[PDB]
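[1] here is the sequence, then the experimental structure:
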Amino acid sequence: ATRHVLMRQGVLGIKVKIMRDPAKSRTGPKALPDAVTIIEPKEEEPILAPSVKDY
Amino acid sequence: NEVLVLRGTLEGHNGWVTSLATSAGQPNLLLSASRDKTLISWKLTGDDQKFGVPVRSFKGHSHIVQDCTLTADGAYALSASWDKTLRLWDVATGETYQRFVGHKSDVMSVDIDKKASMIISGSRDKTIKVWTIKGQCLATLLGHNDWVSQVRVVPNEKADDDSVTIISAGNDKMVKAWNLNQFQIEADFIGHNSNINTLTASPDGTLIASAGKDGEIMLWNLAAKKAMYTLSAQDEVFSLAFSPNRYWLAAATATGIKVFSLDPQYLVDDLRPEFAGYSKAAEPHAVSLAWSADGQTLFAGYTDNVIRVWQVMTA
């Protein structure tokens, strides 16, 4: 922002630039356009033989 | 004996043939499927040139066809596609009786019982949904956690009680057979090693096949519900096919067709002919197959844009 300071001497400028947590937000986006995020699939168990139920 | 000889094709579509359908009441009245948003109607005149007259396109979805099931009467062709439908076509004509809408993710199916009524359809939303011969649901089944891949009709000679049975599919690695009237619970196929991308059915009420991303074709009964003949076919089938009344299997294994022969247990006859200017990983590998309704005419279908129907004849 620009907040004009009206020292004696001579005059200033101030400039702040926050950055916002993509998560803490809701405003649109939840990330950057960069951020590509990945699941660590599933932990499956193999075959057996055939096998079936009766309902 | 049966030297199976490789003949004139029927070429026509621009995309990629993805089902195909046994006509199921006028076995000419071929009726074929698509990828590029139609259904080329091919006659079998038959008379040689063209083996046998590409007479109604039918156009579109907005997106890609994964199916095209004929009725019990066989002049009313039932769509699907990747833009979330149906659109019931008239085989004869160019028309949409009843847009059946409602799905979210990409129909994968379509099928119709022995009277032409309580239709079904899989999905990726990970269901199922019945849509009667109106855009309307009986109900919306949810027992599966997956892409449920394919569902079939079965063609009953215990002469049908009337509370009937159908089927399903497949990243949870299972089947499940839903009374088509009040979706009750009946058995499943446990075990497999990845994607169930298909299944099939008996031409009386007591035979089935599922199949492969693993290699094995894990076979049936429904009227024994017991796990069967466990083969081993390396790549995958995408694309299964009963002869109708012979006991021949047909499924397109990449690589064969492996006719396996479901009686004794043998490889009769592998069709990987014909082939011209390719780097393998170009074959232009199938994606739909069928057996003349009346059961010869294998209507062998392939990627490319050339159907390649290939009947069995004499020694």
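    Yep, it's here. Numbers count the residues shown, from 1 in each chain, chains lettered A, B, ... in the order given.

[2] give me every residue in chain A lying close to chain B.
    A:46-55 (Cβ under 8 Å from any Cβ of the partner chain). Bear in mind the C-beta positions are built from the backbone N, C-alpha and C, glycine included.

[3] adding neighbour count, distance to residue B:6 and secondary structure as columns, could you present these in JSON lines?
    Shown next, in JSON lines, are the residues of chain A next to chain B (neighbours: other Cβ atoms under 10 Å in any protein chain shown; distance: Cβ to Cβ, whole Å; DSSP: H, G, I helix; E, B strand; the rest coil):
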{"residue": "A:46", "neighbour count": "6", "distance to residue B:6": "40", "secondary structure": "coil"}
{"residue": "A:47", "neighbour count": "13", "distance to residue B:6": "37", "secondary structure": "coil"}
{"residue": "A:48", "neighbour count": "9", "distance to residue B:6": "41", "secondary structure": "coil"}
{"residue": "A:49", "neighbour count": "9", "distance to residue B:6": "38", "secondary structure": "coil"}
{"residue": "A:50", "neighbour count": "15", "distance to residue B:6": "36", "secondary structure": "coil"}
{"residue": "A:51", "neighbour count": "11", "distance to residue B:6": "41", "secondary structure": "coil"}
{"residue": "A:52", "neighbour count": "13", "distance to residue B:6": "40", "secondary structure": "coil"}
{"residue": "A:53", "neighbour count": "11", "distance to residue B:6": "45", "secondary structure": "coil"}
{"residue": "A:54", "neighbour count": "8", "distance to residue B:6": "45", "secondary structure": "coil"}
{"residue": "A:55", "neighbour count": "7", "distance to residue B:6": "47", "secondary structure": "coil"}
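
[4] any idea which element residue B:152 lies in?
    Under the criterion DSSP states H and E, no helix or strand holds residue B:152.

[5] OK, contacts around the residue of chain A found nearest chain B?
    Closest approach between chain A and chain B, counting by Cβ to the nearest Cβ: residue A:50, at 3.7 Å. Neighbouring residues of residue A:50 by Cβ atoms under 8 Å, 6 or more residues apart in numbering or on different chains: B:190-191, B:218, B:227, B:230.

[6] could I have the buried ones of these as PyMOL selection syntax?
    To isolate the buried members of the contacts of residue A:50 in PyMOL, using 16 or more other Cβ atoms under 10 Å in any protein chain shown:
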select buried, chain B and resi 190+191+218+227
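
[7] cross-check the contacts of residue A:50 against chain A and keep the overlap.
    Checking the contacts of residue A:50 against chain A (Cβ under 8 Å from any Cβ), the matches are B:190-191, B:218, B:227, B:230.

[8] give the contact list for the closest residue to chain A within chain B.
    With Cβ to the nearest Cβ, the shortest gap between chain B and chain A falls at residue B:227, namely 3.7 Å. By Cβ under 8 Å, 6+ apart, the contact list for residue B:227 reads A:50-52, B:189-191, B:218-220.

[9] could you give the backbone dihedrals for it?
    Torsion angles at residue B:227 (phi, psi; degrees, to the nearest 10) stand at phi -70, psi 120.
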